[PDB]
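Participant: Got a sequence here, can you model it:
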Amino acid sequence: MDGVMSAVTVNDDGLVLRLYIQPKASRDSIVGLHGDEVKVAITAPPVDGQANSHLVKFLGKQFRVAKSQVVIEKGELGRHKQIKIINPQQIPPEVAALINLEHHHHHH
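Facilitator: Numbers count the residues shown, from 1 in each chain. Please find the structure below.
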């Protein structure tokens, strides 16, 4: 929106995943990843029970963590999503690109 650039935060417990869920796409594909936001299209119906199931899955699977480690801080009923990964086990490059800083400047 202005000058902040967010989408995820690394606390002292794990990491937060804040993106914009887009249900009724056709396939769980991240084709709307923004430099300041993240837009993923899940192929889940307009109901949470079905979407939420996919949500806890996509992460729980891709992150391989746990459902007890995946806390939805917001999005339960909104396109927005704020999942929290406690005791992370596997972090995809996607979120790593902002944590691993793929940039360099002859730093020591």
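Participant: how would you label residue 59: helix, strand or coil?
Facilitator: helix (DSSP: H, G, I helix; E, B strand; the rest coil).
Participant: The nearest residue to it once chain neighbours are set aside and residue 30: what is the separation?
Facilitator: Nearest non-adjacent residue to residue 59, counting by Cβ to Cβ, 6 or more residues apart in numbering: residue 70, 5.3 Å away. Using the backbone N, CA and C atoms, a C-beta is placed for each residue, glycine as well. The gap separating residue 70 from residue 30 is 18 Å, by Cβ to Cβ, to the nearest Å.
Participant: quick check, distance from the longest strand anywhere in the chain to the centre of its chain.
Facilitator: Longest strand in the chain by number of residues (criterion: DSSP state E): strand 14-22. Mean-position distance between strand 14-22 and its chain equals 3 Å (Cα atoms, centre = their mean, to the nearest Å).
Participant: Remind me what that strand packs against, helices and strands.
Facilitator: If you count contacts as 3 or more Cβ pairs under 8 Å, 6 or more residues apart in numbering; DSSP states H and E, strand 14-22 packs onto strand 8-10, strand 38-41, helix 48-62, strand 80-86.
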